[PDB]
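Novice: This is my_file37.tsv, which holds TSV, C-alpha atoms:
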```tsv
chain	number	residue	atom	x	y	z
B	223	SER	CA	-25.73	49.06	18.62
B	224	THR	CA	-25.98	47.99	14.99
B	225	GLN	CA	-25.75	44.30	15.93
B	226	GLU	CA	-27.52	43.50	19.21
B	227	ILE	CA	-24.99	40.97	20.46
B	228	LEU	CA	-26.94	40.30	23.66
B	229	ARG	CA	-30.28	39.96	21.84
B	230	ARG	CA	-29.80	38.69	18.28
B	231	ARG	CA	-27.54	35.83	17.21
B	232	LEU	CA	-24.20	36.71	15.64
B	233	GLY	CA	-24.41	36.20	11.90
B	234	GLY	CA	-28.13	35.59	12.28
B	235	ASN	CA	-29.08	32.02	11.42
B	236	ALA	CA	-25.81	31.24	9.63
B	237	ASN	CA	-23.39	28.55	10.77
B	238	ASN	CA	-20.29	30.74	11.17
B	239	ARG	CA	-21.23	33.59	13.55
B	240	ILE	CA	-19.62	36.37	11.53
B	241	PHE	CA	-18.69	38.97	14.15
B	242	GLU	CA	-16.93	42.32	13.72
B	243	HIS	CA	-15.34	44.40	16.47
B	244	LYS	CA	-12.67	47.11	16.70
B	245	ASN	CA	-12.11	46.90	12.94
B	246	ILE	CA	-11.33	43.20	13.39
B	247	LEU	CA	-13.50	40.52	11.78
B	248	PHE	CA	-13.89	37.19	13.58
B	249	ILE	CA	-15.10	33.93	12.05
B	250	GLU	CA	-15.86	30.63	13.79
B	251	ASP	CA	-14.53	27.42	12.26
B	252	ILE	CA	-16.93	24.50	11.88
B	253	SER	CA	-14.66	22.15	9.93
B	254	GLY	CA	-12.75	21.35	13.12
B	255	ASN	CA	-9.41	21.82	11.35
B	256	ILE	CA	-8.35	24.52	13.85
B	257	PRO	CA	-7.15	23.08	17.19
B	258	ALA	CA	-9.54	23.60	20.08
B	259	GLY	CA	-7.77	26.46	21.84
B	260	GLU	CA	-6.08	28.16	18.88
B	261	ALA	CA	-6.89	31.09	16.62
B	262	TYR	CA	-5.04	32.55	13.65
B	263	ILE	CA	-4.61	36.16	12.52
B	264	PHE	CA	-3.42	37.29	9.09
B	265	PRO	CA	-3.83	40.35	6.85
B	266	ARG	CA	-5.72	40.52	3.57
B	267	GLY	CA	-4.67	41.84	0.18
B	268	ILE	CA	-0.96	41.01	0.27
B	269	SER	CA	0.13	39.82	-3.15
B	270	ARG	CA	1.34	36.26	-3.74
B	271	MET	CA	0.84	35.31	-0.10
B	272	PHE	CA	-0.82	32.00	-1.04
B	273	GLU	CA	-0.36	29.80	-4.10
B	274	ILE	CA	-1.11	26.22	-5.14
B	275	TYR	CA	0.76	24.37	-7.90
B	276	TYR	CA	-0.32	21.30	-9.88
B	277	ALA	CA	1.85	18.60	-11.43
X	2	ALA	CA	-41.46	-3.62	21.82
X	3	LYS	CA	-38.15	-4.52	20.18
X	4	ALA	CA	-39.07	-3.89	16.55
X	5	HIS	CA	-37.49	-6.39	14.18
X	6	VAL	CA	-34.68	-4.71	12.23
X	7	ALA	CA	-31.95	-5.94	9.90
X	8	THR	CA	-28.85	-4.28	8.49
X	9	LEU	CA	-26.23	-4.98	5.83
X	10	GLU	CA	-22.71	-3.63	5.38
X	11	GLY	CA	-19.58	-4.60	3.50
X	12	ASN	CA	-19.22	-6.39	0.19
X	13	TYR	CA	-17.29	-9.21	-1.44
X	14	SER	CA	-14.99	-6.83	-3.33
X	15	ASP	CA	-14.28	-5.07	-0.04
X	16	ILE	CA	-11.94	-7.97	0.80
X	17	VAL	CA	-10.22	-8.51	-2.56
X	18	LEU	CA	-9.12	-5.03	-3.61
X	19	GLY	CA	-7.54	-6.16	-6.88
X	20	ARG	CA	-6.67	-9.15	-9.00
X	21	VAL	CA	-4.37	-10.24	-11.82
X	22	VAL	CA	-6.58	-11.48	-14.66
X	23	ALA	CA	-4.34	-14.15	-16.15
X	24	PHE	CA	-5.08	-15.24	-19.71
X	25	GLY	CA	-6.01	-18.88	-20.22
X	26	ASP	CA	-6.99	-20.22	-16.79
X	27	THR	CA	-9.25	-17.63	-15.18
X	28	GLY	CA	-9.22	-19.84	-12.09
X	29	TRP	CA	-5.43	-19.74	-11.79
X	30	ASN	CA	-5.75	-17.64	-8.62
X	31	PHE	CA	-8.06	-19.92	-6.61
X	32	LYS	CA	-8.02	-23.38	-5.07
X	33	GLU	CA	-10.99	-25.51	-4.01
X	34	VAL	CA	-10.96	-27.46	-0.73
X	35	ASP	CA	-13.53	-29.41	1.29
X	36	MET	CA	-14.53	-27.63	4.50
X	37	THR	CA	-16.61	-28.63	7.51
X	38	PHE	CA	-19.52	-26.18	7.31
X	39	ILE	CA	-21.59	-26.87	10.43
X	40	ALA	CA	-19.93	-27.55	13.77
X	41	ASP	CA	-20.32	-30.92	15.51
X	45	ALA	CA	-28.14	-28.68	16.24
X	46	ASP	CA	-28.99	-26.20	13.48
X	47	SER	CA	-27.54	-22.70	13.24
X	48	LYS	CA	-25.30	-20.50	11.13
X	49	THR	CA	-21.65	-21.51	10.94
X	50	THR	CA	-18.70	-19.45	12.13
X	51	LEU	CA	-16.89	-19.50	8.76
X	52	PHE	CA	-17.14	-15.77	8.16
X	53	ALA	CA	-15.62	-14.51	4.92
X	54	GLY	CA	-11.96	-13.59	5.35
X	55	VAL	CA	-10.92	-16.31	7.80
X	56	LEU	CA	-7.41	-17.62	7.24
X	57	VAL	CA	-7.48	-21.30	6.27
X	58	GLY	CA	-4.95	-24.08	5.90
X	59	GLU	CA	-4.23	-26.54	3.12
X	60	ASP	CA	-6.47	-29.28	4.58
X	61	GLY	CA	-9.51	-27.07	5.16
X	62	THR	CA	-8.84	-26.43	8.83
X	63	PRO	CA	-9.23	-22.83	10.05
X	64	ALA	CA	-5.85	-21.18	10.54
X	65	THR	CA	-5.40	-20.55	14.26
X	66	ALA	CA	-1.78	-19.44	13.77
X	67	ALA	CA	0.43	-17.91	11.09
X	68	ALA	CA	2.23	-21.19	10.37
X	69	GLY	CA	-1.06	-22.80	9.29
X	70	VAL	CA	-1.99	-20.03	6.86
X	71	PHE	CA	-2.28	-21.15	3.25
X	72	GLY	CA	-5.11	-19.10	1.75
X	73	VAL	CA	-8.11	-16.90	2.43
X	74	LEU	CA	-11.72	-18.06	2.25
X	75	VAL	CA	-13.58	-15.78	-0.18
X	76	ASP	CA	-16.39	-18.06	-1.32
X	77	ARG	CA	-19.76	-16.63	-2.33
X	78	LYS	CA	-21.69	-18.73	0.21
X	79	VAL	CA	-20.54	-16.67	3.23
X	80	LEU	CA	-20.66	-13.13	1.89
X	81	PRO	CA	-22.37	-10.49	4.07
X	82	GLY	CA	-26.11	-10.29	3.55
X	83	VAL	CA	-26.37	-13.80	2.04
X	84	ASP	CA	-27.69	-16.69	4.12
X	85	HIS	CA	-30.04	-19.52	3.22
X	86	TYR	CA	-28.37	-22.57	4.79
X	87	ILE	CA	-30.20	-22.86	8.12
X	88	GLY	CA	-30.67	-26.62	8.34
X	89	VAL	CA	-29.70	-27.18	4.70
X	90	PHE	CA	-26.59	-29.03	5.92
X	91	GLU	CA	-25.84	-31.57	8.65
X	92	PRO	CA	-23.47	-31.14	11.61
X	93	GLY	CA	-20.11	-32.65	10.74
X	94	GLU	CA	-20.98	-32.62	7.03
X	95	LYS	CA	-18.24	-31.43	4.68
X	96	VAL	CA	-18.79	-28.90	1.89
X	97	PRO	CA	-16.53	-27.62	-0.93
X	98	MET	CA	-15.29	-24.04	-0.64
X	99	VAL	CA	-13.36	-21.60	-2.82
X	100	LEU	CA	-10.12	-20.01	-1.62
X	101	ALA	CA	-7.91	-17.17	-2.83
X	102	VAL	CA	-4.26	-18.17	-3.16
X	103	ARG	CA	-2.19	-16.51	-5.89
X	104	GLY	CA	-1.90	-13.11	-7.51
X	105	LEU	CA	-4.37	-11.11	-5.42
X	106	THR	CA	-4.44	-7.93	-3.34
X	107	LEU	CA	-6.01	-8.28	0.10
X	108	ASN	CA	-7.33	-5.88	2.74
X	109	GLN	CA	-5.53	-6.55	6.02
X	110	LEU	CA	-8.23	-5.03	8.22
X	111	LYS	CA	-10.65	-7.75	7.06
X	112	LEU	CA	-8.19	-10.63	7.59
X	113	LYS	CA	-8.69	-12.62	10.79
X	114	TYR	CA	-7.48	-15.85	12.32
X	115	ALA	CA	-9.81	-18.77	12.98
X	116	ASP	CA	-10.94	-17.30	16.30
X	117	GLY	CA	-11.14	-13.72	15.02
X	118	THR	CA	-7.85	-12.21	16.14
X	119	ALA	CA	-6.16	-9.93	13.63
X	120	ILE	CA	-3.34	-11.31	11.50
X	121	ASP	CA	0.22	-10.77	12.75
X	122	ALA	CA	3.52	-10.09	10.99
X	123	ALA	CA	4.35	-13.78	10.57
X	124	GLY	CA	1.04	-14.59	8.90
X	125	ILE	CA	1.29	-11.54	6.66
X	126	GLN	CA	4.77	-12.55	5.53
X	127	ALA	CA	3.77	-16.18	4.97
X	128	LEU	CA	0.74	-15.19	2.89
X	129	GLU	CA	2.69	-12.60	0.90
X	130	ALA	CA	5.36	-15.16	-0.01
X	131	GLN	CA	2.96	-17.00	-2.35
X	132	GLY	CA	2.59	-14.10	-4.80
X	133	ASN	CA	0.06	-11.90	-3.02
X	134	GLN	CA	0.08	-8.23	-2.06
X	135	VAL	CA	-0.97	-7.39	1.51
X	136	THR	CA	-1.74	-3.73	2.15
X	137	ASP	CA	-3.07	-1.47	4.89
X	138	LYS	CA	-3.69	1.52	2.58
X	139	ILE	CA	-7.47	1.73	2.98
X	140	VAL	CA	-9.39	5.00	2.93
X	141	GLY	CA	-12.32	3.91	5.08
X	142	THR	CA	-15.52	5.94	5.23
X	143	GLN	CA	-17.52	8.30	7.43
X	144	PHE	CA	-21.30	8.35	7.24
X	145	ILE	CA	-23.02	10.69	9.72
X	146	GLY	CA	-21.69	13.16	12.24
X	147	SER	CA	-17.90	13.39	12.23
X	148	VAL	CA	-17.96	16.86	10.69
X	149	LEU	CA	-15.67	17.03	7.66
P	2	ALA	CA	43.65	23.43	-16.95
P	3	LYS	CA	40.95	20.80	-16.68
P	4	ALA	CA	37.55	21.38	-18.23
P	5	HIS	CA	34.23	20.61	-16.54
P	6	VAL	CA	32.36	17.67	-18.08
P	7	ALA	CA	29.35	15.64	-16.93
P	8	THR	CA	28.04	12.43	-18.46
P	9	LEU	CA	24.83	10.39	-18.49
P	10	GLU	CA	24.25	6.78	-19.57
P	11	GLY	CA	21.49	4.36	-18.64
P	12	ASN	CA	17.85	4.74	-17.65
P	13	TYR	CA	15.03	3.24	-15.59
P	14	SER	CA	14.12	0.65	-18.22
P	15	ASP	CA	17.68	-0.70	-18.28
P	16	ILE	CA	17.15	-2.28	-14.85
P	17	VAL	CA	13.50	-3.35	-15.16
P	18	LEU	CA	13.41	-4.90	-18.63
P	19	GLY	CA	9.87	-6.27	-18.34
P	20	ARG	CA	6.87	-6.07	-16.06
P	21	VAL	CA	3.65	-8.04	-15.72
P	22	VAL	CA	0.69	-5.65	-15.53
P	23	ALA	CA	-2.27	-6.78	-13.44
P	24	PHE	CA	-5.50	-5.40	-14.89
P	25	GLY	CA	-7.16	-4.77	-11.54
P	26	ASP	CA	-4.09	-3.42	-9.72
P	27	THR	CA	-1.14	-1.48	-11.15
P	28	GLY	CA	0.98	-1.34	-7.98
P	29	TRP	CA	1.02	-5.10	-7.51
P	30	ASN	CA	4.69	-5.52	-8.42
P	31	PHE	CA	6.06	-2.88	-6.02
P	32	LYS	CA	6.35	-2.51	-2.25
P	33	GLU	CA	7.50	0.41	-0.12
P	34	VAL	CA	10.12	0.32	2.62
P	35	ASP	CA	12.08	2.94	4.57
P	36	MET	CA	15.80	3.54	4.17
P	37	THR	CA	18.52	5.78	5.61
P	38	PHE	CA	18.99	8.22	2.74
P	39	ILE	CA	22.09	9.87	4.27
P	40	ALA	CA	24.45	7.85	6.44
P	41	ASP	CA	24.42	8.95	10.06
P	42	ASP	CA	28.18	9.58	9.87
P	43	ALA	CA	27.93	11.63	6.66
P	44	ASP	CA	29.04	15.24	6.85
P	45	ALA	CA	26.39	17.94	7.12
P	46	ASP	CA	24.39	17.75	3.88
P	47	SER	CA	26.66	15.20	2.18
P	48	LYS	CA	25.80	13.29	-1.00
P	49	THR	CA	24.03	9.96	-0.62
P	50	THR	CA	25.60	6.63	-1.57
P	51	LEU	CA	22.51	4.63	-2.51
P	52	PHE	CA	22.06	3.71	-6.16
P	53	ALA	CA	19.48	1.95	-8.30
P	54	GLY	CA	19.81	-1.83	-8.20
P	55	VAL	CA	21.24	-2.26	-4.70
P	56	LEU	CA	19.71	-5.33	-3.08
P	57	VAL	CA	17.85	-4.73	0.18
P	58	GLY	CA	15.95	-6.80	2.71
P	59	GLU	CA	12.32	-6.36	3.66
P	60	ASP	CA	13.49	-4.34	6.67
P	61	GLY	CA	14.95	-1.80	4.23
P	62	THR	CA	18.62	-2.23	5.09
P	63	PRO	CA	20.87	-3.06	2.11
P	64	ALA	CA	21.73	-6.76	2.01
P	65	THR	CA	25.24	-8.16	2.35
P	66	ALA	CA	24.50	-11.78	1.37
P	67	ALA	CA	21.71	-13.99	0.07
P	68	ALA	CA	19.84	-14.24	3.37
P	69	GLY	CA	19.28	-10.47	3.49
P	70	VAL	CA	18.02	-10.17	-0.10
P	71	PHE	CA	14.30	-9.51	-0.47
P	72	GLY	CA	13.98	-7.01	-3.31
P	73	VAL	CA	15.67	-4.50	-5.61
P	74	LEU	CA	15.80	-0.75	-5.00
P	75	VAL	CA	14.14	0.95	-7.96
P	76	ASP	CA	13.12	4.32	-6.53
P	77	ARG	CA	12.97	7.40	-8.76
P	78	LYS	CA	15.28	9.34	-6.42
P	79	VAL	CA	18.37	7.31	-7.38
P	80	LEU	CA	18.18	7.03	-11.15
P	81	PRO	CA	21.39	7.92	-13.01
P	82	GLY	CA	20.26	11.23	-14.49
P	83	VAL	CA	18.52	12.73	-11.43
P	84	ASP	CA	20.02	15.09	-8.85
P	85	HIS	CA	17.78	17.06	-6.50
P	86	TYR	CA	18.36	15.66	-3.03
P	87	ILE	CA	21.56	17.20	-1.70
P	88	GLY	CA	21.23	18.34	1.90
P	89	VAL	CA	17.47	17.89	1.67
P	90	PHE	CA	17.51	15.09	4.27
P	91	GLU	CA	19.43	15.36	7.52
P	92	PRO	CA	21.96	12.63	8.36
P	93	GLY	CA	20.28	9.60	9.87
P	94	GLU	CA	16.83	10.49	8.57
P	95	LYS	CA	14.70	7.93	6.75
P	96	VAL	CA	12.41	8.40	3.76
P	97	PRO	CA	10.03	5.91	2.08
P	98	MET	CA	11.56	4.08	-0.88
P	99	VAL	CA	9.94	2.00	-3.62
P	100	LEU	CA	11.01	-1.60	-4.23
P	101	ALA	CA	10.06	-4.03	-7.00
P	102	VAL	CA	9.60	-7.61	-5.82
P	103	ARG	CA	6.92	-9.40	-7.89
P	104	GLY	CA	6.42	-10.11	-11.57
P	105	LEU	CA	9.52	-8.50	-13.07
P	106	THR	CA	12.03	-9.32	-15.80
P	107	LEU	CA	15.16	-8.14	-14.02
P	108	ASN	CA	18.57	-7.40	-15.48
P	109	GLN	CA	21.29	-9.54	-13.94
P	110	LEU	CA	24.30	-7.30	-14.59
P	111	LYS	CA	23.07	-4.10	-12.93
P	112	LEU	CA	22.18	-5.63	-9.56
P	113	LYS	CA	24.79	-5.04	-6.86
P	114	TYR	CA	25.34	-5.87	-3.22
P	115	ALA	CA	25.77	-3.25	-0.51
P	116	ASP	CA	29.54	-3.01	-1.11
P	117	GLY	CA	29.28	-2.95	-4.92
P	118	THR	CA	30.11	-6.64	-5.34
P	119	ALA	CA	28.27	-8.36	-8.16
P	120	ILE	CA	25.27	-10.54	-7.38
P	121	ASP	CA	26.14	-14.13	-6.48
P	122	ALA	CA	24.27	-17.33	-7.32
P	123	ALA	CA	22.63	-17.69	-3.90
P	124	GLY	CA	21.20	-14.18	-4.13
P	125	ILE	CA	19.98	-14.90	-7.65
P	126	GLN	CA	18.19	-18.03	-6.42
P	127	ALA	CA	16.64	-16.16	-3.49
P	128	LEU	CA	15.40	-13.38	-5.77
P	129	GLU	CA	14.06	-15.88	-8.31
P	130	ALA	CA	12.11	-17.82	-5.68
P	131	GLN	CA	9.97	-14.72	-5.11
P	132	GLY	CA	8.70	-15.01	-8.68
P	133	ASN	CA	11.13	-12.82	-10.64
P	134	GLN	CA	13.15	-13.58	-13.76
P	135	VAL	CA	16.89	-12.90	-13.70
P	136	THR	CA	18.38	-12.87	-17.20
P	137	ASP	CA	21.73	-11.70	-18.55
P	138	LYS	CA	20.80	-11.96	-22.24
P	139	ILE	CA	21.71	-8.34	-22.97
P	140	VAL	CA	23.00	-7.37	-26.40
P	141	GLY	CA	25.21	-4.51	-25.24
P	142	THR	CA	26.36	-1.68	-27.46
P	143	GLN	CA	29.35	-0.51	-29.50
P	144	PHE	CA	29.90	3.20	-30.09
P	145	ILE	CA	32.98	4.12	-32.17
P	146	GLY	CA	36.50	2.99	-32.98
P	147	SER	CA	35.52	-0.61	-33.75
P	148	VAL	CA	34.08	-1.89	-37.01
P	149	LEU	CA	31.00	-3.63	-35.64
```
Step by step, read the file and then write its structure as structure tokens.
Specialist:
Amino acid sequence: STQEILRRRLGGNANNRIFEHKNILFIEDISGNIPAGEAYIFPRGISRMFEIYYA
Amino acid sequence: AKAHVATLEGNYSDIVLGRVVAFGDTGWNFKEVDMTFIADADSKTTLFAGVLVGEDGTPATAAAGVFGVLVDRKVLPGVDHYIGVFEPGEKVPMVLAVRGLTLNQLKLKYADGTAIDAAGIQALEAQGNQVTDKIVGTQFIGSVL
Amino acid sequence: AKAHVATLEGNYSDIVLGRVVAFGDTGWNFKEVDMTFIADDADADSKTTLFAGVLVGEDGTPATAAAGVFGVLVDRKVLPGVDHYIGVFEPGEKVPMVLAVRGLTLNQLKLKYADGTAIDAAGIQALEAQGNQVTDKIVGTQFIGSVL
């Protein structure tokens, strides 16, 4: 396969283990801001989904 | 085997977060009292900076005896030269913080070392001081951010 | 048929006439407490009944007499010309509120007790002991109809 999961390390030497499968991209959190047993799924490209305002 | 090693942490300003700089008398915030430095032998005293003290220079074992906070320069962290320079039972002048100051609660302790309680906090605040717990703290190594 | 009219008079500075600024600390004069913004018996999303100047104790409950007076409620949420918080807080909830307790030149006329009664002498003494000035030397104002 393109990425030898059983032989090479996911994402190579990076810290995140970027892994793709079934047209779904997985990323591992290192900041520890995601609870231990939880994962979040959301779509990309949707307009005005996220905004931040300053006062 | 046990290699000699020394460490320093904290700072004088870490206790007094802020101050009101009154015009005229720059010493309007402090009072000077005579303390017993060495117990009643030659060794460092137990008067660590931040100990609650009374009016007469006796360490404050309880809220009711709290008058001020000892913030003198002679007992700051990392400073010590008084091994044997004094005599057990000898009395020494000390500087105290009394009026118009902001204090870090986490560094306030009773005579023994126990943390200050509600009564002591209220008594100290009644003299024109601000007592706060809003301290950011720090993280040095590990503890991924 | 009646017409709709709304009015505004008074500001923040009309309660806190003067403030001592500490160089090394700007929040020295103020202290935060927690208060019941909407009474627990208020109807669903009622309008609050707190107002700037109501005397409160250190616990946060509005004071009824001198013994319960510790400070003056001076939060931004209750100034005369502000209205955002209708139904925002459920009945019986509590939200942090800002008091002013040290180093202030306080108006004497605006301060009120929990029931709206004017401030008595015992309350004035208790508030002064904390290190606050209470003064009623206020010029006032005349608008129209009277030859000043």
Novice: Show me, as an MDAnalysis selection string, the residues that have an atom within 12 Å of region 7-11 of chain X when counting only C-alpha atoms, minus same-chain residues fewer than 5 positions from it.
Specialist: chainID X and resid 16:17 53:54 80:84 111 141:142
Novice: I'd like a table as a tab-separated table: residues in chain X with an atom no more than 9 Å from chain P, each row giving the shortest atom pair and its distance in Å to one decimal, only C-alpha atoms counted, sorted by chain and rising residue number.
Specialist:
```
residue	atom	partner	partner_atom	distance
X:18	CA	P:26	CA	8.1
X:19	CA	P:25	CA	4.9
X:20	CA	P:25	CA	5.1
X:21	CA	P:23	CA	4.4
X:22	CA	P:24	CA	6.2
X:23	CA	P:23	CA	8.1
X:104	CA	P:29	CA	8.5
X:105	CA	P:29	CA	8.3
X:106	CA	P:29	CA	7.4
X:130	CA	P:131	CA	6.9
X:131	CA	P:131	CA	7.9
X:132	CA	P:103	CA	7.1
X:133	CA	P:29	CA	8.2
X:134	CA	P:29	CA	6.4
```
Novice: Take the residues from that selection and write them out as an mmCIF file, keeping the file's coordinate frame, keeping C-alpha atoms.
Specialist:
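Ended up saving to part17.cif:
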```
data_model
loop_
_atom_site.group_PDB
_atom_site.id
_atom_site.type_symbol
_atom_site.label_atom_id
_atom_site.label_comp_id
_atom_site.auth_asym_id
_atom_site.auth_seq_id
_atom_site.Cartn_x
_atom_site.Cartn_y
_atom_site.Cartn_z
ATOM 1 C CA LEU X 18 -9.120 -5.030 -3.610
ATOM 2 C CA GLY X 19 -7.540 -6.160 -6.880
ATOM 3 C CA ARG X 20 -6.670 -9.150 -9.000
ATOM 4 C CA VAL X 21 -4.370 -10.240 -11.820
ATOM 5 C CA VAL X 22 -6.580 -11.480 -14.660
ATOM 6 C CA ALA X 23 -4.340 -14.150 -16.150
ATOM 7 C CA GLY X 104 -1.900 -13.110 -7.510
ATOM 8 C CA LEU X 105 -4.370 -11.110 -5.420
ATOM 9 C CA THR X 106 -4.440 -7.930 -3.340
ATOM 10 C CA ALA X 130 5.360 -15.160 -0.010
ATOM 11 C CA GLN X 131 2.960 -17.000 -2.350
ATOM 12 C CA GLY X 132 2.590 -14.100 -4.800
ATOM 13 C CA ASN X 133 0.060 -11.900 -3.020
ATOM 14 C CA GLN X 134 0.080 -8.230 -2.060
#
```
Novice: For residue 78 (chain P), work out the shell of residues within 12 Å, counting only C-alpha atoms and skipping chain neighbours fewer than 2 positions away, then give it as number ranges by chain.
Specialist: P: 13, 38, 49-53, 74-76, 80-87, 89, 96-100
Novice: Quick one, how far is CA of residue 241 (chain B) from CA of residue 146 (chain X)?
Specialist: 26.1 Å
Novice: Compute the set of chain B residues within 8 Å of chain X, using all atoms listed in the file, and express it as a ChimeraX atom specification.
Specialist: /B:252-254
